[PDB]
Amino acid sequence: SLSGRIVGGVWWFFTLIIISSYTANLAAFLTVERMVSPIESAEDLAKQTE
Amino acid sequence: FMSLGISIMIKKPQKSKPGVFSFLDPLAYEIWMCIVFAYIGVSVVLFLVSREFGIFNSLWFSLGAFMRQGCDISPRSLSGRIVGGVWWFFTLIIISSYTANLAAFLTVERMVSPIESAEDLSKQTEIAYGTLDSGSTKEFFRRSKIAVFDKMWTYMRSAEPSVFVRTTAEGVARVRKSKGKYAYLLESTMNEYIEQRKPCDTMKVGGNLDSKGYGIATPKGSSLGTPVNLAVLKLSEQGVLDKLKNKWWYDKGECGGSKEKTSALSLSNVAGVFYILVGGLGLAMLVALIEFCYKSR
Amino acid sequence: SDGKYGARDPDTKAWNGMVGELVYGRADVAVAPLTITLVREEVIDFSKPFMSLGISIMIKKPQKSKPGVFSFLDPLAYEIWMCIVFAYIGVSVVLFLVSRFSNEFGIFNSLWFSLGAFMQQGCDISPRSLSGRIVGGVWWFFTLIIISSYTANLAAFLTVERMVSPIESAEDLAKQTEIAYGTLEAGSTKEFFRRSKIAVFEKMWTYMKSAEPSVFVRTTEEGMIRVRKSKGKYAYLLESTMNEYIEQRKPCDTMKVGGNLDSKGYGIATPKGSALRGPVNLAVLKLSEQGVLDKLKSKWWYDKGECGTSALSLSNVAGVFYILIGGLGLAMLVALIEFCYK
Amino acid sequence: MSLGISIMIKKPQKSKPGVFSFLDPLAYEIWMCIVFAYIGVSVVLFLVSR
Ligand SMILES: NS(=O)(=O)c1cccc2c1c([N+](=O)[O-])cc1[nH]c(=O)c(=O)[nH]c12
């Protein structure tokens, strides 16, 4: 029916955004985490304040 | 011995709050509307191609196709399967393109300034701008030949309310408190010093408007004013003036490493889609009730 | 007469050019773009400065990168897109054979099942037998890897593209080797560079001395051509005033970038012991404060000139719309053919 | 024996990942509201369907 279809369509639009947001955020989480360098040389000390 | 001019200062751009419908940021507003029109076209064509599939039934098929869920509606005609398969390929690229662009936003964040130049805040006409009550820069604004500052003096004079402060220290305080609502105009020299000092919440933007300079003053006659004028010119060439200005401005300062960390998503930025859900649910109840109500009579 | 700015020979003090004509006194005063130095201040009397100059950077203007009309098929190479089509045929044919053997999977339906799997849009009918199931399972495993590889590669493509910075300040020049930079063969620019006691401009000149080809160019105008020829591989340092004018007049493929580095001013000169210093020096200040120079500088540079959101654009996806329309075009023709037949 | 000036930092401790370090992308208050919405969607669907 028409009443059953309209509630189904919004639940479909809800799903597609929640899933894609979860994937992209996890992609950003692992990308940042692996491109980090520890304080190795004296040059690294020279350009750090924290 | 050094040159200067009148420049613009604003509060640091910082980070915005995402309100509602902030999830439509990855794609342009042009593309979204094109998808709406296109899906009507595909639905209409499917009906005309066929002559079961009506107007209502065809529209549902192409909605279920874009959301990427499998129903029980399948075009059995050869002509319809050319339509269906082509519409499927569209769906696959749009979804994949969305996901990719959203990942780029949350990897590296760019805070971009709202205003670029003096001609920018001439057109924007949103954020307040003025000078001191009475000074050198105030007198410059009053008497102007060119149209751009003449239009600016029109704003400065007939301001509601008057955008004028007593001290230059008051001007800086008004910029930080307003939070992107007031832009102060003063000398470029002081502006660069205030940016380097604590706690760092303002920066220089654009070029200078006029060109002035400081010098060494000496009484009339000037019997001893000749040699010291020549010596400064030589020390300008050697690069002692640049060395000394670099020591007090830049060397001795509060803020100088940029370390970014990805934070978890809060409810506020996804809030948009939640209102759409419950709104659609309430609408479904309304239509079902009146469909029964007039069927009874 | 000479055509030079003003320089004295080291042997004989024979001043050539503009200042040379002033020293003995052929002319009263001079109005020319001439810088002030300690050397020049002794022999000729300089007035107050009217226009301030500085050393700035000139690169080739980044051309408007119009995206390819099919710039959405970049992640995967052409030979892969070829082999997906070949495999798609081979899968359907095999499925068709093993399904019906002495079945709903006809030649038409088995072809429809294979597309539905790759596009990720479910299915109408599932394979019933063992032979049909095993070929279906591998085609499912193929699909899941190809799709996910395409999404991840496009994610990497856009991530890198947005985190790039152009050569803005002199610090960016100091830490770059790919984009070369050089000045004139001889002048006030290179002379400043030698006795430069700065932060990292001493390191800048250290690199300039030892280069593979000759970075120093003889002519200034020919030096501008070298930047054009390189196309974003060479940068030419010069005065700011000359740099801004070169962008305006002549074909537009250049621009100024960054702030001024050095401090130097033009002036108006007349030999010492002149009574003309009084009214002229004050007149210069009268012009500047009221704003005569600033209006005049606007005219000859700009008025008499011959030049002049970061979401996913429509152009990047534009291509896939042409596929959508072309498909519906064929769809109408198929309806046209089989109506005349029946 | 030869000597030199060197750097001494605190040793990076063995970062044992959380046993539920896969629900980091989305915050706790979102995961709560997905469950609430899921019930509300089903009940409304059930009513207007029959
Ligand atoms: N044409 S140029 O490329 O820009 C240029 C190149 C080299 C030296 C210049 C110079 C200009 N200038 O701006 O015409 C003025 C100027 N004035 C002086 O007093 C001096 O010593 N050297 C110069």
# chains A, B, ... in the order shown; residues from 1 in each chain; ligands from 1
$ closest_atom_pairs --of "chain B" --to "chain D" --cutoff "12 Å" --atoms "only C-alpha atoms" --output "CSV"
residue,atom,partner,partner_atom,distance
B:106,CA,D:25,CA,11.2
B:262,CA,D:25,CA,9.0
B:263,CA,D:25,CA,7.8
B:264,CA,D:25,CA,5.0
B:265,CA,D:26,CA,5.3
B:266,CA,D:27,CA,6.0
B:267,CA,D:30,CA,5.7
B:268,CA,D:30,CA,9.5
B:269,CA,D:30,CA,10.6
B:270,CA,D:30,CA,8.7
B:271,CA,D:30,CA,9.4
B:273,CA,D:34,CA,11.5
B:274,CA,D:37,CA,8.5
B:275,CA,D:37,CA,10.9
B:276,CA,D:37,CA,11.7
B:277,CA,D:37,CA,8.4
B:278,CA,D:37,CA,8.2
B:279,CA,D:41,CA,11.3
B:280,CA,D:41,CA,10.0
B:281,CA,D:44,CA,6.9
B:282,CA,D:44,CA,8.5
B:283,CA,D:44,CA,10.6
B:284,CA,D:48,CA,7.4
B:285,CA,D:48,CA,6.4
B:286,CA,D:48,CA,9.5
B:287,CA,D:48,CA,9.0
B:288,CA,D:48,CA,5.9
B:289,CA,D:48,CA,8.2
B:290,CA,D:48,CA,11.4
B:291,CA,D:48,CA,10.4
B:292,CA,D:48,CA,10.3
$ residues_around --residues "segment 39-41 of chain A" --least-positions-apart "5" --cutoff "12 Å" --atoms "only C-alpha atoms" --output "tab-separated table (two decimals) with N, CA and C atoms, in the first residue's frame"
chain	number	residue	atom	x	y	z
A	46	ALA	N	64.13	20.02	17.54
A	46	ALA	CA	64.29	21.43	17.15
A	46	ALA	C	62.95	22.02	16.69
A	47	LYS	N	62.11	21.19	16.06
A	47	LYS	CA	60.79	21.60	15.56
A	47	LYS	C	59.70	20.89	16.36
A	48	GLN	N	59.67	21.16	17.67
A	48	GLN	CA	58.60	20.70	18.56
A	48	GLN	C	58.56	21.59	19.81
A	49	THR	N	57.34	21.88	20.27
A	49	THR	CA	57.09	22.76	21.42
A	49	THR	C	56.33	22.01	22.52
A	50	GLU	N	55.51	21.02	22.14
A	50	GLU	CA	54.64	20.27	23.05
A	50	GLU	C	55.49	19.40	23.99
D	6	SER	N	73.01	12.11	24.03
D	6	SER	CA	71.88	11.42	23.40
D	6	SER	C	70.58	11.80	24.12
D	7	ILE	N	69.46	11.27	23.61
D	7	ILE	CA	68.11	11.64	24.04
D	7	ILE	C	67.51	10.48	24.85
D	8	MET	N	66.78	10.83	25.92
D	8	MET	CA	66.08	9.87	26.78
D	8	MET	C	64.63	10.32	26.95
D	9	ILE	N	63.69	9.50	26.48
D	9	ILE	CA	62.25	9.74	26.60
D	9	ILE	C	61.61	8.57	27.35
D	10	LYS	N	60.35	8.76	27.76
D	10	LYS	CA	59.54	7.72	28.37
D	10	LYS	C	59.15	6.70	27.29
D	11	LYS	N	59.37	5.42	27.60
D	11	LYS	CA	59.15	4.32	26.66
D	11	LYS	C	57.67	4.23	26.31
D	12	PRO	N	57.29	4.26	25.01
D	12	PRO	CA	55.90	4.05	24.61
D	12	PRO	C	55.38	2.68	25.08
$ residues_around --residues "residue 321 of chain C" --least-positions-apart "4" --cutoff "8 Å" --atoms "only C-alpha atoms" --output "list in words"
residues 90 of chain B; 317 and 325 of chain C
$ write_last_selection --atoms "N, CA, C and O atoms" --output "PDB file, in the first residue's frame"
ATOM      1  N   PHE B  90      24.395   4.110 -12.691  1.00  0.00           N
ATOM      2  CA  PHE B  90      24.338   5.464 -12.141  1.00  0.00           C
ATOM      3  C   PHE B  90      24.393   5.400 -10.610  1.00  0.00           C
ATOM      4  O   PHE B  90      25.156   6.132  -9.986  1.00  0.00           O
TER       5      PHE B  90
ATOM      6  N   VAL C 317      31.249  14.244 -12.381  1.00  0.00           N
ATOM      7  CA  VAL C 317      30.209  13.214 -12.521  1.00  0.00           C
ATOM      8  C   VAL C 317      29.513  13.349 -13.886  1.00  0.00           C
ATOM      9  O   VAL C 317      28.899  12.394 -14.359  1.00  0.00           O
ATOM     10  N   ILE C 325      21.506   8.899 -20.603  1.00  0.00           N
ATOM     11  CA  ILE C 325      20.656   9.413 -21.686  1.00  0.00           C
ATOM     12  C   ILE C 325      20.749   8.479 -22.899  1.00  0.00           C
ATOM     13  O   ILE C 325      19.728   8.134 -23.495  1.00  0.00           O
TER      14      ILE C 325
END
$ closest_atom_pairs --of "chain A" --to "chain D" --cutoff "7 Å" --atoms "only C-alpha atoms" --output "JSON lines"
{"residue": "A:3", "atom": "CA", "partner": "D:48", "partner_atom": "CA", "distance": 6.1}
{"residue": "A:4", "atom": "CA", "partner": "D:49", "partner_atom": "CA", "distance": 5.4}
{"residue": "A:7", "atom": "CA", "partner": "D:45", "partner_atom": "CA", "distance": 6.7}
{"residue": "A:22", "atom": "CA", "partner": "D:25", "partner_atom": "CA", "distance": 6.5}
{"residue": "A:25", "atom": "CA", "partner": "D:25", "partner_atom": "CA", "distance": 5.9}
{"residue": "A:26", "atom": "CA", "partner": "D:25", "partner_atom": "CA", "distance": 5.9}
$ write_last_selection --atoms "C-alpha atoms" --output "PDB file, in the first residue's frame"
ATOM      1  CA  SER A   3       0.978   4.173   3.611  1.00  0.00           C
ATOM      2  CA  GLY A   4       3.450   1.259   3.974  1.00  0.00           C
ATOM      3  CA  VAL A   7       7.504   4.828   5.764  1.00  0.00           C
ATOM      4  CA  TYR A  22      30.647   5.067   9.690  1.00  0.00           C
ATOM      5  CA  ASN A  25      35.104   8.124   9.711  1.00  0.00           C
ATOM      6  CA  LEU A  26      36.935   4.801  10.317  1.00  0.00           C
TER       7      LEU A  26
END
$ residues_near_ligand --ligand "ligand 1" --cutoff "6 Å" --atoms "only C-alpha atoms and all ligand atoms" --output "tab-separated table (two decimals) with C-alpha atoms, in the first residue's frame"
chain	number	residue	atom	x	y	z
C	5	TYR	CA	70.67	54.15	-14.31
C	33	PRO	CA	62.83	55.06	-11.10
C	34	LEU	CA	66.19	55.13	-9.26
C	35	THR	CA	66.96	53.38	-5.94
C	187	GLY	CA	72.63	43.75	-10.07
C	220	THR	CA	65.23	40.06	-17.48
C	239	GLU	CA	61.35	43.88	-8.03
C	242	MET	CA	58.04	45.35	-12.38
$ residues_around --residues "residue 137 of chain B" --least-positions-apart "2" --cutoff "9 Å" --atoms "only C-alpha atoms" --output "ChimeraX atom specification"
/B:6,131-132,134-135,139-142,185-187
$ select_by_dssp --residues "segment 20-200 of chain C" --states "helix (DSSP H, G or I)" --output "ChimeraX atom specification"
/C:20-24,38-43,78-99,109-118,130-162,170-174,188-194
$ closest_residue --among "A:2, A:38, A:33, A:28" --to "chain C" --atoms "only C-alpha atoms"
A:28
$ interface_residues --of "chain C" --to "chain B" --cutoff "8 Å" --atoms "only C-alpha atoms" --output "PyMOL selection string"
chain C and resi 37-38+41+52+115-116+119-124+151-152+154-156+158-159+162-163+192+195-198+263+290-291+295+311-314+320-321+323-324+327-328+330-332+334-335
$ select_by_dssp --residues "segment 18-237 of chain B" --states "strand (DSSP E or B)" --output "CSV table (one decimal) with N, CA, C and O atoms, in the first residue's frame"
chain,number,residue,atom,x,y,z
B,27,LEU,N,28.7,16.9,-1.6
B,27,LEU,CA,28.3,17.2,-3.0
B,27,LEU,C,27.7,18.6,-3.1
B,27,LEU,O,27.2,19.2,-2.2
B,128,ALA,N,31.1,44.6,10.8
B,128,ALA,CA,31.3,46.0,11.1
B,128,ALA,C,32.8,46.3,11.0
B,128,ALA,O,33.6,45.5,11.3
B,129,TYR,N,33.1,47.5,10.6
B,129,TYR,CA,34.5,48.0,10.5
B,129,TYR,C,34.6,49.5,10.8
B,129,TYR,O,33.8,50.3,10.2
B,130,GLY,N,35.6,49.9,11.6
B,130,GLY,CA,35.9,51.3,11.9
B,130,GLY,C,37.3,51.5,12.3
B,130,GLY,O,38.1,50.6,12.3
B,131,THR,N,37.6,52.7,12.8
B,131,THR,CA,38.9,53.1,13.3
B,131,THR,C,38.8,53.7,14.7
B,131,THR,O,37.8,53.5,15.4
B,132,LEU,N,39.8,54.5,15.1
B,132,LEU,CA,39.7,55.3,16.3
B,132,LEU,C,38.8,56.5,16.1
B,132,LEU,O,38.5,56.9,15.0
B,164,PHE,N,33.4,53.5,16.5
B,164,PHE,CA,34.5,54.2,16.9
B,164,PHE,C,34.8,54.0,18.4
B,164,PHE,O,33.9,54.0,19.2
B,165,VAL,N,36.1,53.7,18.7
B,165,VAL,CA,36.6,53.4,20.1
B,165,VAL,C,37.6,54.5,20.5
B,165,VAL,O,38.2,55.2,19.6
B,182,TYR,N,33.2,42.3,14.3
B,182,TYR,CA,33.9,43.6,14.1
B,182,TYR,C,35.3,43.4,13.6
B,182,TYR,O,36.1,42.6,14.1
B,183,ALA,N,35.7,44.3,12.7
B,183,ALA,CA,37.0,44.3,12.1
B,183,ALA,C,37.7,45.6,12.3
B,183,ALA,O,37.1,46.7,11.8
B,184,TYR,N,38.8,45.7,12.9
B,184,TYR,CA,39.5,46.9,13.3
B,184,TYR,C,40.6,47.2,12.3
B,184,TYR,O,41.2,46.3,11.7
B,185,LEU,N,40.8,48.5,12.0
B,185,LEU,CA,41.8,49.0,11.0
B,185,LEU,C,42.8,49.9,11.7
B,185,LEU,O,42.4,50.9,12.4
B,186,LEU,N,44.1,49.5,11.6
B,186,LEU,CA,45.2,50.3,12.2
B,186,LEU,C,46.5,50.0,11.4
B,186,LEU,O,46.4,49.4,10.4
B,187,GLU,N,47.6,50.4,12.0
B,187,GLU,CA,48.9,50.3,11.4
B,187,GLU,C,49.3,48.8,11.3
B,187,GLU,O,48.9,48.0,12.2
B,202,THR,N,44.1,36.5,16.6
B,202,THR,CA,43.9,37.4,15.5
B,202,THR,C,45.1,37.4,14.5
B,202,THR,O,46.2,37.0,14.9
B,203,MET,N,44.9,37.8,13.3
B,203,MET,CA,45.9,37.7,12.2
B,203,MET,C,45.6,38.8,11.2
B,203,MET,O,44.5,39.3,11.0
B,204,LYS,N,46.7,39.1,10.4
B,204,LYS,CA,46.7,40.1,9.3
B,204,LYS,C,46.1,39.5,8.1
B,204,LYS,O,46.3,38.3,7.8
B,205,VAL,N,45.4,40.3,7.3
B,205,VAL,CA,44.8,39.9,6.0
B,205,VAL,C,44.9,41.0,5.0
B,205,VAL,O,44.8,42.1,5.3
B,212,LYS,N,53.3,54.7,4.6
B,212,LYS,CA,54.0,55.7,5.4
B,212,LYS,C,55.2,55.1,6.0
B,212,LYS,O,55.5,53.9,5.8
B,213,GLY,N,56.0,55.9,6.8
B,213,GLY,CA,57.2,55.4,7.4
B,213,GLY,C,57.6,56.2,8.6
B,213,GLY,O,57.2,57.4,8.8
B,214,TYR,N,58.4,55.6,9.5
B,214,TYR,CA,59.0,56.3,10.7
B,214,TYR,C,60.4,56.7,10.3
B,214,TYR,O,61.1,56.2,9.4
$ atom_distance --atom1 "atom CA of residue 305 of chain C" --atom2 "atom CA of residue 241 of chain C"
14.3 Å
$ interface_residues --of "chain A" --to "chain C" --cutoff "12 Å" --atoms "only C-alpha atoms" --output "ChimeraX atom specification"
/A:20,23-25,27-28,31-32
$ write_last_selection --atoms "N, CA and C atoms" --output "short mmCIF file (atom, residue, chain, number, x, y, z; two decimals), in the first residue's frame"
data_model
loop_
_atom_site.label_atom_id
_atom_site.label_comp_id
_atom_site.auth_asym_id
_atom_site.auth_seq_id
_atom_site.Cartn_x
_atom_site.Cartn_y
_atom_site.Cartn_z
N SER A 20 27.43 4.92 5.49
CA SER A 20 28.49 5.56 4.71
C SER A 20 29.32 6.52 5.58
N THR A 23 31.82 4.28 7.69
CA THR A 23 32.93 3.77 6.89
C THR A 23 33.99 4.86 6.69
N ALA A 24 33.53 6.08 6.38
CA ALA A 24 34.40 7.21 6.05
C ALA A 24 35.17 7.70 7.29
N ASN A 25 34.52 7.65 8.46
CA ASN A 25 35.10 8.12 9.71
C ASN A 25 36.20 7.15 10.17
N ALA A 27 37.86 5.25 8.10
CA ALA A 27 38.90 5.43 7.08
C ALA A 27 39.84 6.57 7.48
N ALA A 28 39.27 7.64 8.05
CA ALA A 28 40.02 8.81 8.51
C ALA A 28 40.82 8.48 9.78
N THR A 31 43.96 6.35 8.78
CA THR A 31 44.84 7.12 7.89
C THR A 31 45.77 8.01 8.72
N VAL A 32 45.20 8.69 9.72
CA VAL A 32 45.93 9.61 10.60
C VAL A 32 46.89 8.82 11.50
#
$ decode --residues "segment 28-42 of chain A" --atoms "N, CA, C and O atoms" --output "compact mmCIF listing (two decimals), in the first residue's frame"
# COMPACT_ATOMS: atom_id res chain seq x y z
N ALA A 28 39.27 7.64 8.05
CA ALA A 28 40.02 8.81 8.51
C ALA A 28 40.82 8.48 9.78
O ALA A 28 41.89 9.04 10.00
N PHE A 29 40.28 7.57 10.60
CA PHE A 29 40.85 7.21 11.90
C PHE A 29 42.18 6.46 11.71
O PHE A 29 43.14 6.71 12.44
N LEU A 30 42.21 5.56 10.73
CA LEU A 30 43.36 4.68 10.47
C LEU A 30 44.41 5.39 9.60
O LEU A 30 45.59 5.07 9.67
N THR A 31 43.96 6.35 8.78
CA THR A 31 44.84 7.12 7.89
C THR A 31 45.77 8.01 8.72
O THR A 31 46.96 8.08 8.45
N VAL A 32 45.20 8.69 9.72
CA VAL A 32 45.93 9.61 10.60
C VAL A 32 46.89 8.82 11.50
O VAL A 32 48.02 9.27 11.74
N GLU A 33 46.44 7.66 11.98
CA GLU A 33 47.12 6.90 13.03
C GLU A 33 48.46 6.35 12.53
O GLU A 33 49.39 6.20 13.33
N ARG A 34 48.57 6.05 11.23
CA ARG A 34 49.74 5.36 10.67
C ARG A 34 50.79 6.37 10.18
O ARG A 34 51.97 6.03 10.08
N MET A 35 50.37 7.61 9.87
CA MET A 35 51.30 8.67 9.43
C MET A 35 51.67 9.55 10.63
O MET A 35 51.33 10.73 10.69
N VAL A 36 52.39 8.94 11.59
CA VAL A 36 52.93 9.62 12.76
C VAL A 36 54.36 9.11 12.99
O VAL A 36 54.63 7.91 12.86
N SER A 37 55.27 10.04 13.30
CA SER A 37 56.69 9.75 13.51
C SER A 37 57.09 10.10 14.94
O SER A 37 56.79 11.20 15.41
N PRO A 38 57.77 9.19 15.67
CA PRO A 38 58.30 9.51 17.00
C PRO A 38 59.53 10.44 16.91
O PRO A 38 60.13 10.57 15.84
N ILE A 39 59.87 11.06 18.04
CA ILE A 39 61.02 11.97 18.14
C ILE A 39 62.30 11.14 17.96
O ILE A 39 62.77 10.51 18.91
N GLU A 40 62.84 11.14 16.73
CA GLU A 40 63.94 10.27 16.34
C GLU A 40 65.28 11.02 16.49
O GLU A 40 66.11 10.64 17.31
N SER A 41 65.46 12.08 15.69
CA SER A 41 66.71 12.83 15.62
C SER A 41 66.58 14.16 16.38
O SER A 41 65.49 14.51 16.84
N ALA A 42 67.70 14.88 16.48
CA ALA A 42 67.77 16.18 17.16
C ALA A 42 67.01 17.25 16.37
O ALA A 42 66.62 18.28 16.92
